[PDB]
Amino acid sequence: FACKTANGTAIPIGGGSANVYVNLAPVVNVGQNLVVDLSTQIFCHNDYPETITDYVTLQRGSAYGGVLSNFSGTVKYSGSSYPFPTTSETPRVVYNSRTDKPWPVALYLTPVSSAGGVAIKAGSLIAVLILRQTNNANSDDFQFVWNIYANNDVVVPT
């Protein structure tokens, strides 16, 4: 089991960390949400699907930068909604092919009344998402750590 971003930045068997750079709507009013889909940019696969079933959770999601200070959030994982920042681990998604399959995570962020300016800074860390992988074969229990960076400034009009 290993993962990589859409541009091929990889985390190998056993886990580790990688950076993910996301485009963000450049102007978000206080009545709109800022949506950060990560499923189009984070992918994983199973290295021995003939035998092993891999199980993958969102173990934790933490907010940084302007997302932490200027937005409130939820995260959807595999079609279910949770608070963001998270409070506990989600249920599992199965990975059962050597072909890359998306990691089904997206953030839904709402400006808080204080927002703001600049609401999110280009190049800044905005989230850290921990993917936890186990299987039905052995003791492997690995963290894949995704550091999410904003590509661009986001302005919240006032």
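The first residue of the sequence shown is number 1, and the count goes up from there.
S.K.: Could you check the entry and say whether 86 to 94 or 26 to 34 has the higher mean CA B-factor?
M.R.: Looking at the recorded C-alpha B-factors, 26 to 34 comes out higher on average.
S.K.: In the PDB record, does 121 to 129 or 65 to 73 carry the higher mean Cα temperature factor?
M.R.: In the deposited entry, the stretch with the higher C-alpha B-factor mean is 65 to 73.
S.K.: Per the PDB entry, which option out of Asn46, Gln59, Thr51, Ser114 has the greatest Cα B factor?
M.R.: Top of the list by C-alpha B-factor: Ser114.
S.K.: Please say which third, lowest, middle or highest, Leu109 falls into when its CA temperature factor is compared across its chain.
M.R.: Highest third - that is where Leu109 ends up once the chain's C-alpha B-factors are sorted.
S.K.: Taking only the Cα B-factors deposited for this chain, tell me whether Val156 sits in the lowest, middle or highest third.
M.R.: Highest third.
S.K.: Among the modelled residues of this chain, does the Cα B factor of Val20 put it in the lowest, middle or highest third?
M.R.: Tercile = middle for this residue's CA B-factor.
S.K.: Among all modelled residues of this chain, ranked by Cα B factor, put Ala150 in the bottom, middle or top third, i.e. lowest, middle or highest.
M.R.: It belongs to the middle third of the chain when residues are ordered by C-alpha B-factor.
S.K.: Ranking every modelled residue in this chain by its Cα temperature factor as given in the entry, which third contains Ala10?
M.R.: For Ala10, whose C-alpha B-factor we compare with every modelled residue in the chain, the answer is the middle third.
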